[PDB]
Each structure stands twice: as structure tokens, then as C-alpha cells.
Amino acid sequence: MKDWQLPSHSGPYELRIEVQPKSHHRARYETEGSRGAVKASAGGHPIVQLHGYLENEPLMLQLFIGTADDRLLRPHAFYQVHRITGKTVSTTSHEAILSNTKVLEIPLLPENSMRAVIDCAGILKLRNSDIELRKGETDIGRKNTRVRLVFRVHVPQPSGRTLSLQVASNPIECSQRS
DNA sequence: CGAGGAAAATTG
DNA sequence: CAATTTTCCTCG
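Residues numbered from 1 in each chain as written, not as in the entry; some residues may be left out. Chains lettered and ligands numbered in written order. Heavy atoms only, no water.

## Describing the overall build of chain A
The helix and strand inventory of chain A stands at 1 helix and 7 strands. The secondary structure elements of chain A, listed N-terminal to C-terminal, are β-β-β-β-β-α-β-β. Here the C-alpha atoms of chain A give a radius of gyration of 17 Å, agreeing with the 16 Å that 2.2 N^0.38 yields for 178 residues. When the backbone C-alpha atoms are referred to their principal axes, chain A occupies close to 50 × 40 × 30 Å. By the burial criterion, 36% of the 178 residues in chain A qualify as buried. Taking the contacts inside chain A whose residues are at least 6 apart along the sequence as the reference set, 71% of them involve residues at least 24 apart. Computing the positive centroid from 24 side-chain charges and the negative centroid from 18, chain A places the two 8 Å apart. (Helix = DSSP H or I, 4+ residues; strand = E, 2+ residues; numbered from the N terminus. Rg over C-alpha atoms; globule rule 2.2 N^0.38 Å. Buried < 20%, exposed > 50% of the residue type's maximum accessible area, 1.4 Å probe, protein only. Contact = heavy atoms within 4.5 Å. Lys, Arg positive; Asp, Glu negative; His and termini not counted. Charge placed at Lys NZ, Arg CZ, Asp CG, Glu CD.)

## Observations regarding the side chain of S10
Structurally, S10 is set in the segment before β1 (14-17). The exposure class assigned to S10 is buried, which follows from its relative accessible area of 11%. Excluding residues that lie within four positions of it along the chain, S10 makes contacts with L163, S164 and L165.

## So, the protein's contact with DNA strand B
Around DNA strand B, the structure places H24, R26, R28, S34, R35, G36, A37, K39, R83, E132, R142 and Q176. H24 is positioned with one of its backbone polar atoms (N or O) 3.4 Å from a phosphate oxygen of DNA strand B. One of the side-chain nitrogen or oxygen atoms of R142 is found 3.3 Å away from a sugar or linking oxygen of DNA strand B. (Near = heavy atom within 4 Å. Polar contact = N/O pair within 3.5 Å; in protein donor to acceptor, adjacent residues only side chain to side chain.)

## Some details on the protein's contact with DNA strand C
Of all residues adjacent to DNA strand C, which total 14 residues, the nearest are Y29, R127, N128, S129 and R142. Across the atoms of DNA strand C situated within 4 Å of the protein, the share located in sugar and phosphate is 72%. Separating a base nitrogen of DNA strand C from a side-chain N or O atom of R26 is a distance of 2.9 Å. Tallied by class, residues from the surface near DNA strand C come to 1 nonpolar, 4 polar and 9 charged. (Nonpolar A, V, L, I, M, F, W, Y, C, P; charged D, E, K, R; others polar.)

## Observations concerning the nonpolar core
Grouped together as the largest cluster of nonpolar side chains are 31 residues, with contacts concentrated most on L50, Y79, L126, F151 and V153. Elements with a contribution of two residues or more to this core: β1, β2 (48-51), β3 (59-67), β5 (101-108), β6 (146-157) and β7 (161-173). For this core, the element with the most residues is β6, which contributes 5 residues. Excluding residues within four positions of it along the chain, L50 makes contact with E14, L15, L59, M114, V153 and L165. (Core = buried A, V, L, I, M, F, W, Y, C linked by side-chain atoms within 4.5 Å.)

## Things to note about the sheet that holds β6
The sheet built from 5 strands is open, its strands ordered β4-β5-β3-β6-β7 with antiparallel pairing. Edge positions in the sheet fall to β4 (96-98) and β7, since each of these pairs with one other strand and no more. Along the sheet, successive strands turn relative to each other by an average axial angle of 20 degrees, direction set aside. Judged from the 6 bridges that link them, β3 and β5 form a sheet pairing that is antiparallel. Note on β5: the bridge partner recorded for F64 is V103. (Pairing = 2+ DSSP bridges. Axes fitted to C-alpha atoms, helices over the stretch in contact; angles between N-to-C directions.)

## Quick word on the UniProt feature "DNA-binding region" in chain A
The UniProt entry lists residues 26-33 under the feature "DNA-binding region", expressed in the numbering used here. Regarding residues 26-33, the helix share stands at 0% and the strand share at 0%, and the terminal C-alpha atoms are separated by 12 Å. (UniProt positions renumbered as here; feature names shortened; annotations may be inferred.)

And the structure:
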């Protein structure tokens, strides 16, 4: 259900998420698109801050979404939707649709305290029945209503070594019945 | 306003 | 048949 006790670290640098949301996101449907977005049982929007690269060179962070499978990940289902609310502090946020995969290329400014708060992305539920007739693909069919987040950064050091990171956020789950 | 809970439909 | 889902409803 959660594995936050076994980090890999990146030398003298460390890219980790600050305030973490709950694993019970509320993804609505394309037929009832109205509510459902970035929130938690009470209050705890997700935050992403890098504490390591302290050079005058800029950096670009990318997001990699992958369903909550067992060992090898699968091609993301369809958790792709926009948002709307003055509280949508889009200081650092971006999206990138891929062949059955969703990614977010969020760049980091130079001296902006390396801040990247997440409060401008909602969540849509993937109608399993619609993904059942999909055939071939192994996206959210009918027994997998859970996806996983994988944050990855890539900052090349001007000397002889690349600084790449890979974090894993909690799996998004809309089904309430175990 | 959002979210959760419950209800329900359909599919396997 | 039960599994699982689906969408709604109600509620905070």
C-alpha cells in the first residue's frame, strides 16, 4: 500500500516530494465531469521540491505516470484532465500526452527556492468497461482501479557525471470497496 | 464546492 | 452469480 522507507539518494543532492496527498483521490467520469481533482481527505496537496543541485545552472523536472502494477509497469490508462480554481497556483506545471502514457514536463527556475507545488491537476476515472473492450492493451481493464506516479529529473553536471532522479508517489485509487 | 458514500449496471 | 464496475446521490 505504501513504500516510503528505502530511498536511493543522489550523492550530495536529494529530490523528494514535500507535502503528500492521500491515496484516495476522487476521479470523476467523462459523463459526469464536474468535481474530482487534486485534494486529500482533509487538506494536503502534493508538493515537489529538489534539495541538492545548488549550482547557477537551471534544471528541468519531468513526471512519469505508470499504473500500479506488480514488477514491470504498464502503459498508463487515461488519467488526463485539466482543472480550474483561483487556488491553481500554476507557478511550475506542464502536461505531455504520450502513446498510452501521461507525463508532465515541469521545468525549475534558477533562484526560485527550487519550488514546485502541485494544486492545478485534477483526476479523471478510467471507465473500466470502456477499457475492457480496448483489447490487447493491459490498461485499467476491470480489476485494476489503481495507478502509480514516478517523478524523474535529469540535470547534466558540467564536469563528467549526470544527476538523474526517480521518485515514486502513492498509487491513486478511486474504488472504495477492497 | 468537493468529496465521499451509496446505489446501481454490467460484465466476467 | 458474483465480481466489478459505474454514476449518482448525499454529505462535509
